[PDB]
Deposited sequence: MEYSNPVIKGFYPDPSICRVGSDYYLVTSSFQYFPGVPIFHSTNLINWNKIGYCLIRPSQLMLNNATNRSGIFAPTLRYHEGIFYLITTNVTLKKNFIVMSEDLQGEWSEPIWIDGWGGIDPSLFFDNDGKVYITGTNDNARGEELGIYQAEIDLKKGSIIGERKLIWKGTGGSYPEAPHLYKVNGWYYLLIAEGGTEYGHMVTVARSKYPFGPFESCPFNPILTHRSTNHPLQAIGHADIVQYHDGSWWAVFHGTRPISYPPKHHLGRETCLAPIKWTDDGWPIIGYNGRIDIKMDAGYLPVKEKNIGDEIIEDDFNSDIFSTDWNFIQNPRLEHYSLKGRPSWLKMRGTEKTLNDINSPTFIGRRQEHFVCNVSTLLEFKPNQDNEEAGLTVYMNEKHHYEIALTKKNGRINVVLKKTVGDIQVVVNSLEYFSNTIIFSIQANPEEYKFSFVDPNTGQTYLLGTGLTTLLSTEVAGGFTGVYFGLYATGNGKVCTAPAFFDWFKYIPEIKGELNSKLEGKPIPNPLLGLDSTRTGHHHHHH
């Protein structure tokens, strides 16, 4: 049997995995998007169902001033004695914290803020002697030597016990990070990422008889990397290991699927899966001697996408994210039942601080995305539509707007410091269907007059100008519904009847 990588497509980076019996749970980083820290469930490591998010309340997730360069970085999920612990960093606040749950269908706890624990990529390990260890990166604010730091932690108090200790510098790659401590067959293993989460990314491992070291570098490090290859999967690393309930070992990690030359990726970092074999002399090797592929053998894992939202429920589906904490009063599923009613503010897609926007990840290179919008702009500033969005300086939109008394459908782009209206056609009714056809190299923007079914191609845009390499930050493209008054509050409400995401 085979499976395909990525196992979780689209923007799902920094996967951390946790087994409870014959169930598996996985979390990913979310940066400036709300809610934060998606959590998935699987019984076979290949097929994952999103069960919700870990950070859903303002008290857990403070994203004011957060961007696709900041907000929530790598999360780690662990389970001990019936309690789940999610530990992560809000980089906008420069603070590490934990939330807890004993019931994954309910919400997680208020955060426990870990004072005097800096850096990113915090992780937890529960030892057999009752001690709990927190492990993370160097803290740049304190001018620490680059490497992996660890201390004992008191989980109730949110406090460190004893001293914060450098335990391993890694093999000499940049940005030694993503540390996880495990104990397997009498050895402590410290698994990390080096080289940065770009084309240099790799996984390395060390081991020790003691949890604080000294750690011996694996002699065949790195144990996973596509650096210096032209494989379709790149930037592979940030791994977390699991022993499946049949006894076999596996790693989850992320990688990208870049296109063009030089390589550029727009679907974010995507979660992948590979087997682990343990060498006779006690070291893990991931995949096919440190490499992986799009098609992989499933071992004995038991092997087993069109999304249409009609907005019929008064609860938002788990596909939807907002930019930072949303202004809840500007989105309503009750004002017009069976529609989403949005109130645009002065903020636009060029502003970081929560414009009126709701979006879902692009998870496929080839897909068709559409929405029906009712919008009668009252004044020239007023605008609502459908966006392909990377960050505040990299986004394309097709929208209804008003200029000099006339209603126009427009195609608008922001790329870096360039803001352009690419095309504009007069439009003569109150409802419109917007559709975007994505392929690897371009998005094609069309509108349909609902009353006739006639489609019109308004224009096109390059995927590569929305790529992470171009745009900056740590995220993937979203498709979003938005409204704005372009420096004033938007007096016309925007009503979206439905949203469709149809992958090829």
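Student: Go through the deposited sequence from residue 1 and tell me which stretches lack C-alpha coordinates, in order.
Tutor: Several stretches lack coordinates - namely 305 to 310, 511 to 543, in sequence order.
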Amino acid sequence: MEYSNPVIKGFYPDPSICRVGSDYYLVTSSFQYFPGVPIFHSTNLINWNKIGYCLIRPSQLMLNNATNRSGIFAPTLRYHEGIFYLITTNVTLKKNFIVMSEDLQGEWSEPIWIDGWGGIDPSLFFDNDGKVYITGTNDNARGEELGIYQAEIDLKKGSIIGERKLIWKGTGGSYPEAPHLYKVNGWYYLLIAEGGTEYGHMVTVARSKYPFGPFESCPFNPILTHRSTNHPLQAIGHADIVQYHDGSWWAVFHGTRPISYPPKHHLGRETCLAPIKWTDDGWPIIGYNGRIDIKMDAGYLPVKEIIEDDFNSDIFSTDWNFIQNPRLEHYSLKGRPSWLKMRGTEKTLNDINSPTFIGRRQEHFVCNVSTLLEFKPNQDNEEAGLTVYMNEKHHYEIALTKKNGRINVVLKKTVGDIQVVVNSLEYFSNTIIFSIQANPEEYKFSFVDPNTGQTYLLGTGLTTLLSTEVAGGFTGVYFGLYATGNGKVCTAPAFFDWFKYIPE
From here on, numbers count along this sequence of modelled residues.
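Student: Of 278 to 286 and 425 to 433, which one has the bigger average CA B-factor?
Tutor: Comparing 425 to 433 with 278 to 286, the higher average CA B-factor belongs to 278 to 286.
Student: Which has the higher mean CA temperature factor in the PDB entry, 223 to 231 or 336 to 344?
Tutor: Comparing 336 to 344 with 223 to 231, the higher average CA B-factor belongs to 336 to 344.
Student: Pick out which of 349, 384, 202, 303 has the highest C-alpha B-factor in the PDB entry.
Tutor: Top of the list by C-alpha B-factor: 303.
Student: Out of 481, 490, 17, 494, which residue has the highest Cα temperature factor in the PDB record?
Tutor: By C-alpha B-factor in the record, 490 ranks first.
Student: Can you work out whether the C-alpha temperature factor of residue 257 puts it in the lowest, middle or highest third of the chain?
Tutor: Tercile = lowest for this residue's CA B-factor.
Student: Based on the entry's values, in what third of the chain does the Cα temperature factor of residue 464 lie: lowest, middle or highest?
Tutor: It belongs to the middle third of the chain when residues are ordered by C-alpha B-factor.
Student: Relative to the other modelled residues of the same chain, rank the CA B-factor of residue 458 and answer lowest, middle or highest third.
Tutor: Its C-alpha B-factor belongs to the middle third of this chain's values.
Student: Taking the C-alpha B-factors as the PDB entry records them, is residue 47 in the lowest, middle or highest third of its chain?
Tutor: According to the entry, residue 47 has a C-alpha B-factor in the chain's highest third.
Student: How does the C-alpha B factor of residue 325 compare with the rest of the chain: lowest, middle or highest third?
Tutor: Middle third of the chain for residue 325's C-alpha B-factor.
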